[PDB]
file input.cif (mmCIF, N, CA and C atoms)
data_run
loop_
_atom_site.group_PDB
_atom_site.id
_atom_site.type_symbol
_atom_site.label_atom_id
_atom_site.label_comp_id
_atom_site.auth_asym_id
_atom_site.auth_seq_id
_atom_site.Cartn_x
_atom_site.Cartn_y
_atom_site.Cartn_z
ATOM 1 N N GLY A 1 3.120 -25.287 0.356
ATOM 2 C CA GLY A 1 2.187 -25.292 1.513
ATOM 3 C C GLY A 1 1.187 -24.197 1.351
ATOM 4 N N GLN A 2 0.268 -24.066 2.330
ATOM 5 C CA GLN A 2 -0.736 -23.039 2.264
ATOM 6 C C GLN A 2 -0.095 -21.748 2.684
ATOM 7 N N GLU A 3 -0.542 -20.629 2.076
ATOM 8 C CA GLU A 3 0.011 -19.343 2.409
ATOM 9 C C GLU A 3 -1.144 -18.420 2.644
ATOM 10 N N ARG A 4 -0.964 -17.452 3.565
ATOM 11 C CA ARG A 4 -2.015 -16.514 3.859
ATOM 12 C C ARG A 4 -1.410 -15.149 3.780
ATOM 13 N N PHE A 5 -2.210 -14.159 3.330
ATOM 14 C CA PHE A 5 -1.713 -12.814 3.212
ATOM 15 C C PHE A 5 -2.701 -11.919 3.894
ATOM 16 N N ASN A 6 -2.202 -10.816 4.491
ATOM 17 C CA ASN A 6 -3.073 -9.895 5.170
ATOM 18 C C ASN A 6 -3.488 -8.864 4.155
ATOM 19 N N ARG A 7 -4.776 -8.911 3.752
ATOM 20 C CA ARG A 7 -5.295 -7.989 2.768
ATOM 21 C C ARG A 7 -5.243 -6.587 3.313
ATOM 22 N N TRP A 8 -5.523 -6.418 4.624
ATOM 23 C CA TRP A 8 -5.523 -5.098 5.220
ATOM 24 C C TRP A 8 -4.136 -4.521 5.143
ATOM 25 N N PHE A 9 -3.106 -5.371 5.340
ATOM 26 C CA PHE A 9 -1.736 -4.909 5.287
ATOM 27 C C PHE A 9 -1.450 -4.398 3.900
ATOM 28 N N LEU A 10 -1.920 -5.132 2.868
ATOM 29 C CA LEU A 10 -1.665 -4.737 1.502
ATOM 30 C C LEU A 10 -2.372 -3.436 1.230
ATOM 31 N N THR A 11 -3.636 -3.318 1.690
ATOM 32 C CA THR A 11 -4.401 -2.111 1.460
ATOM 33 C C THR A 11 -3.735 -0.956 2.158
ATOM 34 N N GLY A 12 -3.322 -1.149 3.431
ATOM 35 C CA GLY A 12 -2.695 -0.078 4.180
ATOM 36 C C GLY A 12 -1.414 0.330 3.510
ATOM 37 N N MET A 13 -0.618 -0.655 3.046
ATOM 38 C CA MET A 13 0.637 -0.350 2.397
ATOM 39 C C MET A 13 0.359 0.406 1.125
ATOM 40 N N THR A 14 -0.667 -0.037 0.367
ATOM 41 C CA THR A 14 -1.005 0.608 -0.884
ATOM 42 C C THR A 14 -1.442 2.022 -0.612
ATOM 43 N N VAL A 15 -2.290 2.223 0.421
ATOM 44 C CA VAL A 15 -2.777 3.550 0.736
ATOM 45 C C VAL A 15 -1.613 4.430 1.108
ATOM 46 N N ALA A 16 -0.690 3.918 1.951
ATOM 47 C CA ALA A 16 0.447 4.709 2.366
ATOM 48 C C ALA A 16 1.277 5.057 1.157
ATOM 49 N N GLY A 17 1.468 4.083 0.239
ATOM 50 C CA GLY A 17 2.256 4.325 -0.949
ATOM 51 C C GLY A 17 1.585 5.376 -1.788
ATOM 52 N N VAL A 18 0.241 5.309 -1.904
ATOM 53 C CA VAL A 18 -0.487 6.269 -2.707
ATOM 54 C C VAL A 18 -0.305 7.643 -2.119
ATOM 55 N N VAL A 19 -0.390 7.761 -0.778
ATOM 56 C CA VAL A 19 -0.248 9.053 -0.140
ATOM 57 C C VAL A 19 1.130 9.600 -0.422
ATOM 58 N N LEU A 20 2.180 8.762 -0.263
ATOM 59 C CA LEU A 20 3.534 9.218 -0.499
ATOM 60 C C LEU A 20 3.702 9.610 -1.946
ATOM 61 N N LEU A 21 3.106 8.838 -2.881
ATOM 62 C CA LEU A 21 3.248 9.153 -4.285
ATOM 63 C C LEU A 21 2.500 10.422 -4.582
ATOM 64 N N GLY A 22 1.305 10.586 -3.975
ATOM 65 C CA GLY A 22 0.507 11.768 -4.208
ATOM 66 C C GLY A 22 1.261 12.972 -3.732
ATOM 67 N N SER A 23 1.939 12.855 -2.570
ATOM 68 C CA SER A 23 2.689 13.972 -2.039
ATOM 69 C C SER A 23 3.823 14.286 -2.978
ATOM 70 N N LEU A 24 4.503 13.233 -3.485
ATOM 71 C CA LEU A 24 5.614 13.426 -4.392
ATOM 72 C C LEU A 24 5.134 14.118 -5.644
ATOM 73 N N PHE A 25 3.993 13.664 -6.210
ATOM 74 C CA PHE A 25 3.483 14.269 -7.421
ATOM 75 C C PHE A 25 3.044 15.681 -7.130
ATOM 76 N N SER A 26 2.433 15.910 -5.947
ATOM 77 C CA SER A 26 1.969 17.236 -5.596
ATOM 78 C C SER A 26 3.149 18.162 -5.480
ATOM 79 N N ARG A 27 4.250 17.685 -4.852
ATOM 80 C CA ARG A 27 5.427 18.512 -4.698
ATOM 81 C C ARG A 27 5.982 18.810 -6.063
ATOM 82 N N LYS A 28 6.043 17.773 -6.932
ATOM 83 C CA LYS A 28 6.552 17.949 -8.274
ATOM 84 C C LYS A 28 8.033 18.369 -8.182
#

call {"tool": "encode", "arguments": {"input": "input.cif", "output": "structure tokens"}}
result
Amino acid sequence: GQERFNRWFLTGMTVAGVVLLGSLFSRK
């Protein structure tokens, strides 16, 4: 069937993931 995805959700999730990863890398 047809499927729809929320691009904003993906972007927000990606941004949040990037922030968490950046913090993790920053903490080292």

call {"tool": "atom_distance", "arguments": {"input": "input.cif", "atom1": "atom N of residue A:23", "atom2": "atom CA of residue A:11"}}
result
16.7 Å

call {"tool": "select_by_dssp", "arguments": {"input": "input.cif", "residues": "chain A", "states": "alpha helix (DSSP H)", "output": "ChimeraX atom specification"}}
result
/A:7-27

call {"tool": "atom_distance", "arguments": {"input": "input.cif", "atom1": "atom C of residue A:4", "atom2": "atom CA of residue A:22"}}
result
28.1 Å

call {"tool": "atom_distance", "arguments": {"input": "input.cif", "atom1": "atom CA of residue A:2", "atom2": "atom CA of residue A:14"}}
result
23.9 Å
